[PDB]
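Below sits a lone chain in structure tokens, taken as the form deposited in one PDB entry.
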């Protein structure tokens, strides 16, 4: 009789542990995480792991976890993250847990500079973060230097010699004050409301190449597909809302976007590896499906 497989699943602020049977599927594991956390908006999340070759991958819910090539460590290591992003945070994130998890994940991306964010608004976002962590600004408890150990701004903004750490920490402090009577739960939402308007927010970039062999970026988000110039990942040069696309298919290294648009040329591009094109297509299908459920439902 086969011994249980120990697995560890981490959310943005929790660590869960389970002992899974050799035949449990991606879904059974998924359901266990969801039930334990008490999350209902499950369509946004997925279980992420690294395979033998060292690449981040999403667990396939329809097959045994033992047969998906996850690194053989004692406790198998999984990350529970948002895979898809809502079109409007306000309208789609009802529960507190879902709001907290999206908040911690997006803040991380901002802090790590994965999502460009202007200095001024970066400071604004930081203030809602300290409001959610410290609450109201009690001038007695929160003495000058209470934020000196927190990670609040991305390194890119601290490189502004214009000001110094304390001076930035002061600008953040002022906003901390204007948020005086705001609830913890509400500040995480104002944070997200400000963050979803950012150009890079919620888009998955991929390095692609066109017919002429020019290097370009392919962004897959909630609304559709965008083609960017290599030096500008903020503003799309060409776009394809899901409702403007008739069909998308690919020859192992060739991608074809067939538009519903009758008198419009097909858009073709090639991606480096095959792992990539396999994932690109999966994100396209996942975002498309949710794009529908918001409209045709």
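Residue numbers count along the first chain shown, from 1. Rigid core: the largest C-alpha set superposing within 1.5 Å between the two forms.
As for the form solved in complex with a partner chain, it is not shown, yet the points below apply to it.
J.: Would the partner chain be touched by all three of 124, 174 and 188 in the bound PDB entry, meaning a heavy atom each within 4.5 Å?
T.: No, none of the three is in contact.
J.: Classify residue 247 as contacting or not contacting the partner chain in the bound PDB entry by the rule of any non-hydrogen atom within 4.5 angstroms, answering yes or no.
T.: Residue-level check for residue 247: yes, a contact with the partner chain.
J.: State yes or no: in the bound PDB entry, is some non-hydrogen atom of residue 251 no more than 4.5 angstroms from a non-hydrogen atom of the partner chain?
T.: Answer yes; at least one heavy atom of residue 251 falls within 4.5 Å of the partner chain in the bound PDB entry.
J.: My question is simply whether residue 42 lines the interface with the partner chain in the bound PDB entry - judged by any non-hydrogen atom within 4.5 Å.
T.: Judged by the heavy-atom cut-off of 4.5 Å, residue 42 is well away from the partner chain in the bound PDB entry.
J.: Could you confirm whether residue 58 comes within 4.5 Å of the partner chain in the bound PDB entry, counting heavy atoms only?
T.: Flag for residue 58 set to no.
J.: Tell which of 193, 162, 143, 151, after superposing on the rigid core, has its C-alpha displaced by 2 Å or more between this form and the one not shown, please.
T.: Per the superposition, the moving residue is 162.
J.: Closer or farther: how do the Cα atoms of residue 144 and residue 160 compare in the bound PDB entry versus the shown form, where the change is at least 3 Å?
T.: Distance between the C-alphas of residue 144 and residue 160: longer in the bound PDB entry, by 3 Å or more.
J.: Residue 160 and residue 143: their C-alpha distance differs by 3 angstroms or more in the bound PDB entry. Do they come closer or move farther apart compared with the shown form?
T.: Between the C-alphas of residue 143 and residue 160, the gap widens in the bound PDB entry (3 Å or more compared with this form).
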